[PDB]
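Peer 1: Okay, here's the structure, questions in a sec.
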Amino acid sequence: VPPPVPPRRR
Amino acid sequence: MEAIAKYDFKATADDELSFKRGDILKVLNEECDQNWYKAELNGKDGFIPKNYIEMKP
């Protein structure tokens, strides 16, 4: 199960 | 620089591009974000997440 993706645009 | 897809990734928007766990990416731009990278793949260029890849100088 891959990681939680980051919130884009900082 | 070189980049390495660590997990599968399916874009969310127009400024992002997909890959599949294993792609060799072309690291072009990088706005010093601490979560994304701008790289080249499959005839496109877009954002990809840092926790989904590993860099290789």
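Letters A, B, ... mark the chains of the structure tokens in the order given; residue numbers begin at 1 per chain; ligand numbers begin at 1, in order shown.
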Could you list the residues in chain B lying within 12 Å of chain A, using only C-alpha atoms, and format the result as a tab-separated table (two decimals) with N, CA, C and O atoms, in the first residue's frame?

Peer 2:
```tsv
chain	number	residue	atom	x	y	z
B	5	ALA	N	10.89	5.89	-9.75
B	5	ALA	CA	9.56	5.66	-9.21
B	5	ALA	C	9.63	4.43	-8.25
B	5	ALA	O	10.02	3.34	-8.66
B	6	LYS	N	9.16	4.64	-7.02
B	6	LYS	CA	9.15	3.63	-5.96
B	6	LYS	C	7.80	2.92	-5.82
B	6	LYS	O	7.73	1.80	-5.33
B	7	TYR	N	6.75	3.66	-6.24
B	7	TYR	CA	5.38	3.12	-6.15
B	7	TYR	C	4.62	3.58	-7.40
B	7	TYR	O	5.07	4.43	-8.16
B	8	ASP	N	3.43	2.95	-7.57
B	8	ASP	CA	2.57	3.27	-8.71
B	8	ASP	C	2.02	4.69	-8.54
B	8	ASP	O	1.85	5.14	-7.42
B	9	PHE	N	1.85	5.42	-9.66
B	9	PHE	CA	1.25	6.76	-9.50
B	9	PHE	C	0.39	7.13	-10.71
B	9	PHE	O	0.79	7.05	-11.86
B	10	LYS	N	-0.84	7.56	-10.35
B	10	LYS	CA	-1.84	7.99	-11.32
B	10	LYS	C	-2.22	9.45	-11.00
B	10	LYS	O	-2.87	9.72	-10.00
B	11	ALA	N	-1.84	10.34	-11.95
B	11	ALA	CA	-2.05	11.80	-11.80
B	11	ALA	C	-3.47	12.17	-11.36
B	11	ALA	O	-4.44	11.44	-11.52
B	12	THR	N	-3.49	13.40	-10.81
B	12	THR	CA	-4.71	13.98	-10.26
B	12	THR	C	-5.17	15.21	-11.05
B	12	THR	O	-6.34	15.57	-11.02
B	13	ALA	N	-4.19	15.79	-11.75
B	13	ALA	CA	-4.47	17.00	-12.51
B	13	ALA	C	-3.50	17.15	-13.69
B	13	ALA	O	-2.52	16.43	-13.85
B	15	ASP	N	-1.33	19.39	-14.33
B	15	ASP	CA	0.08	19.75	-14.11
B	15	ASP	C	0.96	18.58	-13.63
B	15	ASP	O	2.17	18.70	-13.52
B	16	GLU	N	0.29	17.43	-13.44
B	16	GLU	CA	0.91	16.19	-13.00
B	16	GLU	C	0.84	15.17	-14.15
B	16	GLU	O	-0.02	15.21	-15.02
B	20	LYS	N	4.51	4.35	-13.25
B	20	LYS	CA	4.25	3.04	-12.71
B	20	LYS	C	5.52	2.69	-11.94
B	20	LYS	O	6.62	3.04	-12.37
B	21	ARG	N	5.32	1.98	-10.82
B	21	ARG	CA	6.45	1.58	-9.97
B	21	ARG	C	7.62	0.97	-10.79
B	21	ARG	O	7.57	-0.19	-11.18
B	31	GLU	N	11.53	23.24	-7.88
B	31	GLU	CA	11.33	24.52	-7.18
B	31	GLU	C	11.57	24.45	-5.67
B	31	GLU	O	10.99	25.17	-4.87
B	32	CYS	N	12.47	23.51	-5.34
B	32	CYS	CA	12.86	23.21	-3.97
B	32	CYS	C	11.69	22.79	-3.07
B	32	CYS	O	11.77	22.88	-1.85
B	33	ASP	N	10.61	22.28	-3.72
B	33	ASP	CA	9.47	21.79	-2.95
B	33	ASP	C	9.93	20.54	-2.19
B	33	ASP	O	10.73	19.74	-2.67
B	34	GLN	N	9.32	20.40	-1.00
B	34	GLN	CA	9.64	19.31	-0.09
B	34	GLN	C	8.51	18.29	-0.02
B	34	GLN	O	8.12	17.83	1.04
B	35	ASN	N	8.04	17.98	-1.25
B	35	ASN	CA	6.94	17.06	-1.48
B	35	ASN	C	6.77	16.67	-2.97
B	35	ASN	O	6.09	15.69	-3.24
B	36	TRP	N	7.34	17.46	-3.92
B	36	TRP	CA	7.16	17.17	-5.36
B	36	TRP	C	8.46	17.40	-6.18
B	36	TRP	O	9.44	17.93	-5.68
B	37	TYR	N	8.41	16.87	-7.43
B	37	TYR	CA	9.47	17.04	-8.43
B	37	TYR	C	8.84	17.21	-9.82
B	37	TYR	O	7.81	16.62	-10.12
B	47	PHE	N	4.44	17.28	-12.53
B	47	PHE	CA	4.74	17.03	-11.13
B	47	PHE	C	4.46	15.56	-10.76
B	47	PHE	O	3.56	14.90	-11.27
B	48	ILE	N	5.33	15.12	-9.83
B	48	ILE	CA	5.33	13.78	-9.26
B	48	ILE	C	5.70	13.92	-7.77
B	48	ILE	O	6.55	14.73	-7.45
B	49	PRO	N	5.11	13.09	-6.86
B	49	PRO	CA	5.42	13.24	-5.44
B	49	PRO	C	6.75	12.61	-4.99
B	49	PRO	O	7.10	11.51	-5.39
B	50	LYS	N	7.37	13.30	-3.99
B	50	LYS	CA	8.67	12.88	-3.47
B	50	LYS	C	8.57	11.55	-2.72
B	50	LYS	O	9.38	10.67	-2.96
B	51	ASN	N	7.54	11.41	-1.88
B	51	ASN	CA	7.44	10.13	-1.15
B	51	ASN	C	7.13	8.90	-2.05
B	51	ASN	O	7.29	7.77	-1.61
B	52	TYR	N	6.77	9.17	-3.33
B	52	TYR	CA	6.53	8.07	-4.28
B	52	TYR	C	7.80	7.72	-5.09
B	52	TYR	O	7.79	6.72	-5.79
B	53	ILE	N	8.86	8.57	-4.99
B	53	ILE	CA	10.13	8.34	-5.72
B	53	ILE	C	11.34	8.48	-4.75
B	53	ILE	O	11.21	8.80	-3.58
```

Peer 1: Counting only C-alpha atoms, which residue out of B:17, B:43, B:4, B:55 sits closest to residue B:30?

Peer 2: B:55

Peer 1: Calculated over only C-alpha atoms, which of the candidates B:45, B:54, B:2, B:14 has the smallest distance to residue B:27?

Peer 2: B:2

Peer 1: Hey, what does DSSP flag as strand (DSSP E or B) within chain B? Can you give it to me as an MDAnalysis selection string?

Peer 2: chainID B and resid 2:5 9 16 19 24:27 36:41 44:49 53:56

Peer 1: Can you spit out the residues from that selection as an mmCIF file, in the first residue's frame, using C-alpha atoms?

Peer 2:
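Now in selection.cif:
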```cif
data_model
loop_
_atom_site.group_PDB
_atom_site.id
_atom_site.type_symbol
_atom_site.label_atom_id
_atom_site.label_comp_id
_atom_site.auth_asym_id
_atom_site.auth_seq_id
_atom_site.Cartn_x
_atom_site.Cartn_y
_atom_site.Cartn_z
ATOM 1 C CA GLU B 2 17.991 10.824 -12.022
ATOM 2 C CA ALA B 3 14.774 9.802 -10.373
ATOM 3 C CA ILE B 4 13.230 6.455 -9.601
ATOM 4 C CA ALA B 5 9.559 5.661 -9.205
ATOM 5 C CA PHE B 9 1.253 6.761 -9.498
ATOM 6 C CA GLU B 16 0.914 16.186 -13.001
ATOM 7 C CA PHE B 19 4.118 6.603 -13.912
ATOM 8 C CA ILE B 24 13.241 6.038 -14.817
ATOM 9 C CA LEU B 25 12.438 9.775 -14.736
ATOM 10 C CA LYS B 26 14.232 12.815 -16.077
ATOM 11 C CA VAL B 27 14.677 15.412 -13.382
ATOM 12 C CA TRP B 36 7.159 17.170 -5.362
ATOM 13 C CA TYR B 37 9.471 17.041 -8.430
ATOM 14 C CA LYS B 38 9.080 18.195 -12.039
ATOM 15 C CA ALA B 39 10.321 15.416 -14.343
ATOM 16 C CA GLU B 40 10.036 13.937 -17.831
ATOM 17 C CA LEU B 41 8.211 10.744 -18.756
ATOM 18 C CA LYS B 44 5.291 14.525 -21.066
ATOM 19 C CA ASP B 45 6.614 16.650 -18.220
ATOM 20 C CA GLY B 46 4.825 17.244 -14.894
ATOM 21 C CA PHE B 47 4.736 17.031 -11.126
ATOM 22 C CA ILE B 48 5.326 13.777 -9.265
ATOM 23 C CA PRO B 49 5.417 13.236 -5.439
ATOM 24 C CA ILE B 53 10.131 8.336 -5.722
ATOM 25 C CA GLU B 54 13.824 8.267 -4.748
ATOM 26 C CA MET B 55 16.487 10.616 -6.185
ATOM 27 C CA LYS B 56 19.861 9.486 -7.528
#
```
